[PDB]
Structures are given as structure tokens and as C-alpha cells.
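Next up, target_10.cif (mmCIF, C-alpha atoms and all ligand atoms):
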```cif
data_my_file
#
loop_
_atom_site.group_PDB
_atom_site.id
_atom_site.type_symbol
_atom_site.label_atom_id
_atom_site.label_comp_id
_atom_site.auth_asym_id
_atom_site.auth_seq_id
_atom_site.Cartn_x
_atom_site.Cartn_y
_atom_site.Cartn_z
ATOM 1 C CA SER A 1 210.289 31.772 110.941
ATOM 2 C CA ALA A 2 212.703 34.685 111.405
ATOM 3 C CA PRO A 3 212.940 36.179 114.890
ATOM 4 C CA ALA A 4 211.082 39.440 115.474
ATOM 5 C CA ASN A 5 214.393 41.044 116.435
ATOM 6 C CA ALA A 6 215.864 40.173 113.042
ATOM 7 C CA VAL A 7 217.504 42.955 111.019
ATOM 8 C CA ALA A 8 215.105 44.065 108.264
ATOM 9 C CA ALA A 9 216.484 44.848 104.789
ATOM 10 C CA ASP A 10 214.859 48.267 105.042
ATOM 11 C CA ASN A 11 216.583 49.050 108.351
ATOM 12 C CA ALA A 12 218.564 52.299 108.341
ATOM 13 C CA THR A 13 221.668 50.647 109.803
ATOM 14 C CA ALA A 14 221.321 47.711 107.418
ATOM 15 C CA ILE A 15 221.165 50.030 104.391
ATOM 16 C CA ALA A 16 224.180 51.972 105.670
ATOM 17 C CA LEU A 17 226.134 48.769 106.216
ATOM 18 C CA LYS A 18 224.951 47.287 102.913
ATOM 19 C CA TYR A 19 223.909 44.151 104.816
ATOM 20 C CA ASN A 20 221.929 41.359 103.151
ATOM 21 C CA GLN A 21 220.424 38.284 104.804
ATOM 22 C CA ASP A 22 221.808 36.186 101.964
ATOM 23 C CA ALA A 23 225.472 36.812 101.184
ATOM 24 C CA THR A 24 225.280 35.298 97.701
ATOM 25 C CA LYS A 25 223.192 38.370 96.946
ATOM 26 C CA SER A 26 225.506 40.949 98.527
ATOM 27 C CA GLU A 27 228.161 42.953 96.667
ATOM 28 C CA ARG A 28 230.832 41.249 98.769
ATOM 29 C CA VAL A 29 232.639 40.347 95.547
ATOM 30 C CA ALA A 30 232.799 43.963 94.388
ATOM 31 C CA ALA A 31 233.839 45.102 97.871
ATOM 32 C CA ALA A 32 236.627 42.541 97.973
ATOM 33 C CA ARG A 33 237.624 42.830 101.644
ATOM 34 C CA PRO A 34 240.944 41.509 102.962
ATOM 35 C CA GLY A 35 241.216 38.167 104.761
ATOM 36 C CA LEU A 36 239.690 35.662 102.336
ATOM 37 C CA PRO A 37 237.959 35.491 98.947
ATOM 38 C CA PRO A 38 234.622 37.306 98.884
ATOM 39 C CA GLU A 39 232.883 34.144 97.673
ATOM 40 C CA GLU A 40 233.608 32.835 101.182
ATOM 41 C CA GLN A 41 232.573 35.817 103.282
ATOM 42 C CA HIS A 42 229.443 35.629 105.436
ATOM 43 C CA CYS A 43 228.463 36.525 108.996
ATOM 44 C CA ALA A 44 229.545 33.071 110.161
ATOM 45 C CA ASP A 45 233.256 33.895 110.001
ATOM 46 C CA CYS A 46 233.110 37.575 110.922
ATOM 47 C CA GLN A 47 234.985 39.103 113.865
ATOM 48 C CA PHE A 48 231.919 41.080 114.916
ATOM 49 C CA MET A 49 229.627 38.053 115.089
ATOM 50 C CA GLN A 50 228.337 36.924 118.496
ATOM 51 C CA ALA A 51 226.553 33.718 119.487
ATOM 52 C CA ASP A 52 225.926 35.681 122.681
ATOM 53 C CA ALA A 53 222.761 37.598 121.803
ATOM 54 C CA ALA A 54 219.660 36.072 123.391
ATOM 55 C CA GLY A 55 217.200 34.295 121.078
ATOM 56 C CA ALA A 56 220.139 33.313 118.878
ATOM 57 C CA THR A 57 219.543 30.153 116.851
ATOM 58 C CA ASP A 58 221.577 28.009 114.485
ATOM 59 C CA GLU A 59 220.693 30.303 111.564
ATOM 60 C CA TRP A 60 220.593 33.503 113.609
ATOM 61 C CA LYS A 61 223.254 35.320 115.648
ATOM 62 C CA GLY A 62 223.865 38.699 117.284
ATOM 63 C CA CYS A 63 226.120 41.335 115.720
ATOM 64 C CA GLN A 64 228.236 43.901 117.578
ATOM 65 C CA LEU A 65 227.156 46.611 115.124
ATOM 66 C CA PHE A 66 223.538 45.532 115.585
ATOM 67 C CA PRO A 67 222.809 45.568 119.330
ATOM 68 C CA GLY A 68 219.347 44.293 120.251
ATOM 69 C CA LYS A 69 218.974 42.487 116.917
ATOM 70 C CA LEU A 70 219.943 39.269 115.160
ATOM 71 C CA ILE A 71 221.579 38.716 111.768
ATOM 72 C CA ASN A 72 221.493 35.691 109.464
ATOM 73 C CA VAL A 73 224.571 33.545 110.013
ATOM 74 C CA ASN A 74 224.665 33.366 106.200
ATOM 75 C CA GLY A 75 224.368 37.106 105.610
ATOM 76 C CA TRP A 76 227.020 39.739 104.881
ATOM 77 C CA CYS A 77 227.664 43.472 105.180
ATOM 78 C CA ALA A 78 230.292 45.915 103.910
ATOM 79 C CA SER A 79 231.766 45.719 107.421
ATOM 80 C CA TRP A 80 232.884 42.101 107.324
ATOM 81 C CA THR A 81 236.195 41.353 109.053
ATOM 82 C CA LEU A 82 237.959 37.999 109.191
ATOM 83 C CA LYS A 83 237.407 36.271 112.547
ATOM 84 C CA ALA A 84 240.567 35.685 114.608
ATOM 85 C CA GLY A 85 239.208 35.742 118.171
HETATM 86 S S1 LIG B 101 229.602 42.952 110.668
HETATM 87 FE FE1 LIG B 101 229.904 40.743 110.342
HETATM 88 S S2 LIG B 101 228.491 39.634 111.551
HETATM 89 FE FE2 LIG B 101 227.755 41.759 111.550
HETATM 90 S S3 LIG B 101 226.352 41.915 109.929
HETATM 91 FE FE3 LIG B 101 228.292 42.507 109.010
HETATM 92 S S4 LIG B 101 229.201 40.581 108.223
HETATM 93 FE FE4 LIG B 101 227.470 39.902 109.481
#
```
Please, can you express the file's structure as C-alpha cells?
Ligand code: SF4
Amino acid sequence: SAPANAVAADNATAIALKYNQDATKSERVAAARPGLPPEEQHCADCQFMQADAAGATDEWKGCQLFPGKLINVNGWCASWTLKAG
């Protein structure tokens, strides 16, 4: 079951960010962002990802651009940025 504080596909911010719970279904390939091949981009290795957010699970983390909510560790958004930190 997905947390109640999970980002909905129909969420304004989600639509603006072009975020999708399942990265294999995102347009990450067409976006082609620097860092690594799109085929390998997902929330899991994103700079903005935070296993800080409360209620975070193994499949669900917090996201700096999504305060108060949780994203799918296997999701993706047009804002992806290779994790260094
Ligand atoms: S910015 Fe990163 S962690 Fe947040 S939703 Fe987009 S890809 Fe996932």
C-alpha cells in the first residue's frame, strides 16, 4: 500500500515536474539529462532524494522538491540530478 502522503500523478507539482512513479514510463530517455544514461535514472540516485522524510520506507523516500510528501524510489522527474553528496 502506498503512503497517504505519496505524490499523486495528478498533483500540480508532479505534472509540472513531469514526475512518474515508475521511471520506465517517464520520458527520461527523451530528456536525456547529464550524469548517466537515462535508462539508469530514477529517484534512487538523485541528488534531491532524502531518506530523511518521516514515513519513508524501502520503496518510498522524501524529495526536496516535494516537502511533506514521499516519492517512489523507482520514480523519475524532469528534475533528476546525479547524486554526489
Ligand atoms: S527530483 Fe529526484 S528524487 Fe525528486 S522526484 Fe525528481 S527524480 Fe525523484
Output of the PyMOL selection byres (((chain A and resi 77-84) around 7) and not hetatm), listed as a PDB file with C-alpha atoms, in the frame of the given file:
```pdb
ATOM      1  CA  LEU A  17     226.134  48.769 106.216  1.00  0.00           C
ATOM      2  CA  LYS A  18     224.951  47.287 102.913  1.00  0.00           C
ATOM      3  CA  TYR A  19     223.909  44.151 104.816  1.00  0.00           C
ATOM      4  CA  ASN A  20     221.929  41.359 103.151  1.00  0.00           C
ATOM      5  CA  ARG A  28     230.832  41.249  98.769  1.00  0.00           C
ATOM      6  CA  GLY A  35     241.216  38.167 104.761  1.00  0.00           C
ATOM      7  CA  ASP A  45     233.256  33.895 110.001  1.00  0.00           C
ATOM      8  CA  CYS A  46     233.110  37.575 110.922  1.00  0.00           C
ATOM      9  CA  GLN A  47     234.985  39.103 113.865  1.00  0.00           C
ATOM     10  CA  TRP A  76     227.020  39.739 104.881  1.00  0.00           C
ATOM     11  CA  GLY A  85     239.208  35.742 118.171  1.00  0.00           C
TER      12      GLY A  85
END
```
Could you check how far CA of residue 62 in chain A sits from atom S2 of ligand LIG 101 (chain B), in Å to one decimal?
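Between these atoms lies a distance of 7.4 Å.
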In Å, with one decimal, what is the gap from CA of residue 34 in chain A to CA of residue 74 in chain A?
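For CA of residue 34 in chain A relative to CA of residue 74 in chain A, the distance reads 18.5 Å.
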Calculated over only C-alpha atoms and all ligand atoms, which of the candidates A:58, A:7, A:24, A:37 has the smallest distance to ligand LIG 101 (chain B)?
A:7
Nearest to residue 43 in chain A, chosen from A:5, A:11, A:72, A:57, with all atoms listed in the file counted in the distances:
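Ranked by minimum distance to residue 43 in chain A, first place goes to A:72.
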For residue 21 in chain A: contacts at 12 Å, all atoms listed in the file, fewer than 4 positions along chain excluded, given as a list in words
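Everything that qualifies: residues 2, 6, 7, 8, 9, 10, 11, 14, 15, 25, 26, 42, 43, 44, 59, 60, 61, 70, 71, 72, 73, 74, 75, 76 and 77 of chain A.
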Pick from A:23, A:63, A:52, A:36, whichever lies nearest to ligand LIG 101 (chain B) using all atoms listed in the file
A:63
Atom FE3 of ligand LIG 101 (chain B) and CA of residue 50 in chain A, how far apart in Å?
11.0 Å
Reference answer for the PyMOL selection byres (((chain A and resi 65) around 9) and not hetatm), as a PyMOL selection string:
chain A and resi 13+48-49+62-64+66-67
Shell around residue 29 in chain A at 9 Å using all atoms listed in the file, local window under 6 positions removed, as a ChimeraX atom specification:
/A:37-39,41
Take the residues from that selection and put them in a file with C-alpha atoms, as an mmCIF file, in the frame of the given file.
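Writing done, so here's again_30.cif:
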```
data_model
loop_
_atom_site.group_PDB
_atom_site.id
_atom_site.type_symbol
_atom_site.label_atom_id
_atom_site.label_comp_id
_atom_site.auth_asym_id
_atom_site.auth_seq_id
_atom_site.Cartn_x
_atom_site.Cartn_y
_atom_site.Cartn_z
ATOM 1 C CA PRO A 37 237.959 35.491 98.947
ATOM 2 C CA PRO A 38 234.622 37.306 98.884
ATOM 3 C CA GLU A 39 232.883 34.144 97.673
ATOM 4 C CA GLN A 41 232.573 35.817 103.282
#
```
